[PDB]
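To start, the structure under review is shown below, and the notes come after it.
Index from 1, following the sequence. Whatever order the structure lists them in is the order used to number ligands and atoms, beginning at 1. Below, all heavy atoms of this structure are taken into account, side chains as well, without hydrogens, waters or symmetry copies.
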Amino acid sequence: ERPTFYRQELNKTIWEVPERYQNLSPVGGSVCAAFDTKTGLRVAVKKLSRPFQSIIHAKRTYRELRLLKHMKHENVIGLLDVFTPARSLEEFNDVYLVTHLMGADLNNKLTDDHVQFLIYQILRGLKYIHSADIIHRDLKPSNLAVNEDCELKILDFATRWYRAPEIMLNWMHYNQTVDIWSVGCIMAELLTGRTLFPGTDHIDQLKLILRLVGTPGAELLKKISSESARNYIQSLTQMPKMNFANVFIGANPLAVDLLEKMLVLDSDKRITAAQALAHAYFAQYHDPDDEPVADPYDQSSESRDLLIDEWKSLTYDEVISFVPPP
Ligand SMILES: CCCCCCCCO[C@@H]1O[C@H](CO)[C@@H](O)[C@H](O)[C@H]1O
């Protein structure tokens, strides 16, 4: 056991990886494309930079590695391998992560069947992520990778065009439907070929949002504990909710309807990922017996305040116990 490792120097640093990984080419922690000779796959190898430099780096390293090991779903980035050239904990300084080399992202105008398929897969991945009690919080085209056949994976990996309004108001307390807002913005752009809310700053962005969805109703105003937020919102010229048919001219009426259900100011009234999958817009793709869920991901490992060496040992344990996908 223990692969044989070989050394080389790429993009201003050294890389010790198993022989199975060949033809490393920087596309960049730093990243190289590689060919995995065992599986016949092209892969992304990430060498973490400075993984244990401080308590906070070490804790982040542990958290990222645990999260990637927990994610086991077709529409979510997964961990193909993790390794270290270290033979023991005492030698343990470097961590390398291996994932599917994804060809493109959604930043790289579509037919309706195609828009349907991409948003379907986003929602299928998001159902899974949300079922693990994880909120992504930064869904945007650059965090959505696609291959040849339009098969999509949500990436972990700034523009604020996809951000839910509550995040820009620094609400804290976020519901998982922050991500549904993002999906609505992404879907809108796939339909029209333009950014739905291209604000030049946070305030401009919120003016664009209000113009579409209209100013908060009394029902939402009842849920705002911030006195100054309330005072400001009341001072606004009441604007009505635009009719979405007139913004998304010619779009599939079912798409427009789903957009109306995602792009709601009140996060409590947004459709969930699981609900959205059953929307008639996705009739050709939806299968309730093939939209799997995750076990709850334990994030407590995260309110803890430990020593560097403790985070490092906990990370080492996670490297050693890794089992590659069968
Ligand atoms: C001027 C623009 C106002 C933005 C209004 C955002 C309302 C967001 O929705 C809210 O978000 C919270 C966090 O999940 C919840 O606690 C609330 O129940 C909900 O109303």
Side-chain angles (χ1 to χ4, degrees), residues 67 119 122-123 125-140 143 154 156 158-189 194-244 246-248 256-277 279 293-294 296-297 299-300 302-303:
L67 236 188
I119 305 301
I122 302 172
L123 293 171
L126 254 198
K127 180 187 183 190
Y128 175 88
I129 289 166
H130 290 175
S131 70
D133 291 320
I134 291 159
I135 310 168
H136 187 294
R137 286 174 185 97
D138 204 28
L139 275 182
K140 64 187 167 211
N143 277 330
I154 297 173
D156 68 9
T159 269
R160 327 117 12 219
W161 295 345
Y162 308 93
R163 280 213 210 293
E166 62 263 39
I167 301 171
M168 296 188 286
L169 294 207
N170 194 57
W171 218 272
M172 251 135 247
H173 294 118
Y174 297 116
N175 104 295
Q176 55 188 34
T177 46
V178 295
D179 295 326
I180 290 294
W181 181 274
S182 308
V183 176
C185 295
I186 289 166
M187 175 170 165
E189 185 173 347
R194 71 164 40 78
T195 306
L196 185 61
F197 304 122
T200 49
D201 68 42
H202 259 211
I203 292 305
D204 187 50
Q205 173 103 31
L206 282 157
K207 291 201 248 166
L208 294 173
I209 288 167
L210 289 194
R211 185 166 183 253
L212 181 67
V213 305
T215 44
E219 209 170 316
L220 172 61
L221 257 155
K222 282 172 163 64
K223 293 193 258 176
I224 302 179
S225 62
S226 176
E227 295 162 52
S228 22
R230 232 192 278 116
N231 291 343
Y232 182 72
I233 288 164
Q234 282 166 31
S235 83
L236 293 181
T237 311
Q238 273 193 40
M239 334 154 81
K241 173 210 147 156
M242 265 161 124
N243 170 277
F244 274 42
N246 291 116
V247 170
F248 308 109
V256 170
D257 183 68
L258 177 61
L259 292 163
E260 298 196 307
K261 289 171 188 167
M262 290 173 160
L263 293 182
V264 190
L265 213 52
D266 184 346
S267 72
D268 295 318
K269 302 219 177 135
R270 302 180 197 150
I271 195 164
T272 68
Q275 293 171 160
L277 290 163
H279 189 276
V293 297
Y297 170 70
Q299 293 155 80
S300 58
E302 273 204 74
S303 62

Q. What about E166: any of its N or O atoms under 3.5 Å from an N or O on ligand 1?
A.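 Not met; the criterion fails.
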Q. Quick one: does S267 get an N or O within less than 3.5 Å of an N or O on ligand 1?
A.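 Indeed, backbone or side chain, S267 has an N or O that close.
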Side-chain ion pair, [X] and [Y], N-O less than 4.0 Å:
| X | Y | answer |
| --- | --- | --- |
| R163 | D138 | yes |
| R270 | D268 | no |
| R137 | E166 | no |

May I ask you to identify the nearest protein heavy atom to [atom], giving residue, atom name and distance to one decimal place in Å?
| atom | result |
| --- | --- |
| atom 13 (C) of ligand 1 | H173 O, 2.9 Å |
| atom 7 (C) of ligand 1 | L265 O, 3.3 Å |
| atom 16 (O) of ligand 1 | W171 NE1, 4.3 Å |

Q. For ligand 1, which part of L220 has a heavy atom less than 4.0 Å away: the side chain, the backbone, both, or neither?
A.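 Just the side chain.
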Q: Using atom types as modelled and distance alone, determine if a side-chain donor or acceptor of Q176 lies under 3.5 Å from a backbone N or O of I134.
A: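 A pair under 3.5 Å: no.
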Which atoms of ligand 1 have any heavy atom of [X] under 4.0 Å away?
| X | result |
| --- | --- |
| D266 | 9 (O), 19 (C), 20 (O) |
| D268 | 17 (C), 18 (O), 19 (C), 20 (O) |
| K223 | 18 (O), 20 (O) |
| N175 | 14 (O) |

Q.
Applying salt bridge (charged side-chain N to carboxylate O under 4.0 Å, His left out) as the test, list every pair that has at least one member in residues 178-187; sequence neighbours left out.
A.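 Output for this query is empty, none listed.
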**Q.** Neighbour count above 12 (heavy atom, 6.0 Å) for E227 CD
**A.**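 At most 12 heavy atoms, drawn from other residues, nucleotides or ligands, come within 6.0 Å of this atom.
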Q) Listed by chain and number, what are the ring pair (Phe, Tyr, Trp, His ring centres under 6.0 Å) partners of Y232, not counting sequence neighbours? A)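 Checked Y232 against ring pair (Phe, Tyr, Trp, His ring centres under 6.0 Å); zero matches.
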